[PDB]
């Protein structure tokens, strides 16, 4: 089956346009279900996970049309409030329809996400929020059912500033009676994009991007046009590629505000970075300085760039430490980096990376979306040729990574 073949490449040089954020668009597509009427989402990346959640909206009865980076949804006449096992198994962000459906129909039944490549990932905080709003929860043969006679706003506290739980609870609260306060909310940029979209539909959401979000429920929402924010993780991926290849890359169609920790850590590693209004230029250092990273809730260093920064550290001039506080098992890529000649040792949530002279091409498997992209970065600097398998992991969340890297001068090819 399919492989990505990467060869030792030239320093990457030129411009790359960044697509719309996967992780903004998935909850915003779920949010269209809140509205009686038609929404228009612009800047939608052409990704498999977008098509899967589109098919979930079709399954519950919304009218969905995608073309040329615009997705329309008419949720006027939703029929059903069940998310079947196969769709949640394919893509766990499916779970984000639970909030909207519960809010629109007072009842929903959603397959409970199972194992994940990057860890045991419970959805307890989502359900905590729904119960605080007056939903009763029960489990039936792998499904979780939530039903109420009406949602009522309430104060609720998130034990962890969960991105997903913040999204699900915000959407449910938008149509509740009264005022909801989400304490210890996720501050991620995608949370702000979602809130903006809810407000464009007629909601009253304040505080998004802060530690506390206040939602005053409205009786009804209407379809609206929204421009999705740019993919900050894709941007970061190309910024790291510039660092690792000692290249010079302008990343176009980005928001600097959303890239703060990545910019800071790349500068600490030796990069020369120029921040502009809609773009950032990254020039890689001649010698990579070892740095440490610790993944944390935004605006701490993002776990979605952890594997990619680890890959950069494998040829840094010294010892770097990576600490993963957000996910349990997000080190499955380490053994693959080691096949390419890295010197990485893990214990618990920390990985000690001892920089080597260079990596050497080898047959490797992507273990997950961000680690696969990290193996592509390894393959750009590794001597010889790298063959990456299980490439569906990559293809589900990066638009045309082969074409974008090809246009920056790298040697990469998807073969079937």
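Positions refer to the first chain, counted from 1.
Undergrad: For the stretches 376-384 and 65-73, which has the higher mean C-alpha B-factor as given in the deposited record?
TA: For C-alpha atoms only, the mean B-factor is higher in 65-73.
Undergrad: Quick check on the record: does 164-172 or 134-142 carry the larger mean Cα temperature factor?
TA: In the deposited entry, the stretch with the higher C-alpha B-factor mean is 134-142.
Undergrad: When the CA B-factors of 184, 107, 295, 343 are compared as recorded in the entry, which is the largest?
TA: Of the candidates given, the C-alpha B-factor peaks at 107.
Undergrad: Select one of 286, 330, 232, 339: the residue whose C-alpha shows the highest B-factor in the crystal structure entry.
TA: Out of 286, 330, 232, 339, the record gives the largest C-alpha B-factor to 286.
Undergrad: Based on the entry's values, in what third of the chain does the Cα temperature factor of residue 370 lie: lowest, middle or highest?
TA: Bottom third by C-alpha B-factor.
Undergrad: For residue 308, does the deposited CA B-factor place it in the lowest, middle or highest third of the chain?
TA: Lowest third of the chain for residue 308's C-alpha B-factor.
Undergrad: Could you place residue 43 in the lowest, middle or highest third of its chain by Cα temperature factor, using the values in the record?
TA: Its C-alpha B-factor, which the entry lists for residue 43, ranks in the highest third among residues of this chain.
Undergrad: Check where residue 34 lands among this chain's C-alpha B-factors and tell me if it's the lowest, middle or highest third.
TA: It falls in the middle third of the chain.
Undergrad: Determine, from the deposited record, the chain-internal third of the Cα B-factor for residue 85: lowest, middle or highest.
TA: Top third by C-alpha B-factor.
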